[PDB]
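Working through the structure, step by step
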Amino acid sequence: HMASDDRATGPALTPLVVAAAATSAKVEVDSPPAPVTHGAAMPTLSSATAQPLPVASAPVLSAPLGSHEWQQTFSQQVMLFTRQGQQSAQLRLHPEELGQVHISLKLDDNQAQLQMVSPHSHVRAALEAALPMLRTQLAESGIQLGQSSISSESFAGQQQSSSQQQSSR
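In the PDB archive, solution NMR is given as the structure determination method for this entry.

The structure is reproduced here in structure tokens:
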């Protein structure tokens, strides 16, 4: 019977802890200008006169990339194709690993679509550059090379962004 707990535990003090006031903004800024100088002179060399070197029709299209002879030969083969009446053909090309690219020139109205299946290589640079020249050769035969396409297997490049160049005089 009856009861008595009796308490006495009860904290009572003011907590306070704060101290922070400073800044930082010095050192590490600006950069030295890179020195540059131009000059050169370019060693000139007079073209020596001599008799033209004997040649012939090159077997398939295998010449150094950049040579005009390779481009001319590229056009030659197509001229022959259009003369025969064909349009699809194979050809030994470099890099040798290619073994045979598939040339498929399509013909509609008076415009030819040149499709070719080959990987991306420096070969395309000189080959593609020969396309504007080819249209000139074919144009003499009546036909006009309008469309052209190059794919290693299939063509896909859904990407177009070039929002730039905002200025005037």
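1. Side note on the overall build of the protein
When helices and strands are counted, the protein shows 3 helices and 4 strands. Along the chain direction, N to C, the helices and strands of the protein fall in the order α-β-β-β-α-α-β. Relative to the 2.2 N^0.38 estimate, which gives 15 Å for 169 residues, the radius of gyration of the protein is 37 Å and therefore markedly larger than a compact globule would have. Along the longest, intermediate and shortest principal axes, the C-alpha atoms of the protein span 125 × 65 × 45 Å. Long-range pairs, those at least 24 residues apart, make up 52% of the contacts in the protein with a sequence separation of at least 6.

2. With respect to unusual backbone geometry
Leave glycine aside and you will find that most residues have negative phi; peptide bonds, for their part, are mostly trans. Cis geometry marks the peptide bond from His 94 to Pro 95; its omega dihedral reads 0°. Structurally, the position occupied by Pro 95 is in the loop between β1 (88-91) and β2 (101-108). One non-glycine residue with positive phi stands out, namely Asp 30, at about 70°. Here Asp 30 is to be found in the segment before α1 (68-84). At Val 60, a residue that is not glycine, the phi angle is positive and equals roughly 55°. Mapping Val 60 onto the fold places it in the segment before α1.

3. Structural notes on the packing of helix α2 (residues 122-129) against helix α3 (residues 131-139)
Two elements in contact, α2 and α3, have axes whose closest approach is 4 Å; the angle formed by their N-to-C orientations is 35°. Residues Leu 127, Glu 128 and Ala 129 of α2 form the contact with α3, whose participating residues are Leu 131, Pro 132 and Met 133. Taken together, the residues that form the contact of α2 with α3 break down as 5 nonpolar, no polar and 1 charged.

4. Focus: the sheet that holds β1
On the basis of which strands lie adjacent, the open sheet formed by 4 strands has the order β1-β2-β3-β4 and mixed pairing. Of all the strands in the sheet, just β1 and β4 (144-151) have a single pairing partner and so form its edges. Sheet twist, expressed as the average angle between the axes of neighbouring strands with direction ignored, equals 20°. Where β2 meets strand β3 (residues 111-117), 7 bridges bridge the pair, whose relative direction is antiparallel. Bridge assignment links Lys 106 to a residue of β3, and that residue is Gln 113.

5. So, the pairing of β3
Judged by which residues are buried, β3 turns out to be one-sided: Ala 112, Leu 114 and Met 116 face inward and are buried, whereas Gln 111, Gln 113, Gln 115 and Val 117, on the alternate face, are not. Here β2 folds back onto β3, and the loop between the two strands holds 2 residues, one of which, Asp 109, carries a positive phi near 50°.

The rules behind each value
Residues numbered from 1 in each chain as written, not as in the entry; some residues may be left out. Heavy atoms only, no water. Helix = DSSP H or I, 4+ residues; strand = E, 2+ residues; numbered from the N terminus. Rg over C-alpha atoms; globule rule 2.2 N^0.38 Å. Contact = heavy atoms within 4.5 Å. Axes fitted to C-alpha atoms, helices over the stretch in contact; angles between N-to-C directions. Nonpolar A, V, L, I, M, F, W, Y, C, P; charged D, E, K, R; others polar. Pairing = 2+ DSSP bridges. Buried < 20%, exposed > 50% of the residue type's maximum accessible area, 1.4 Å probe, protein only.

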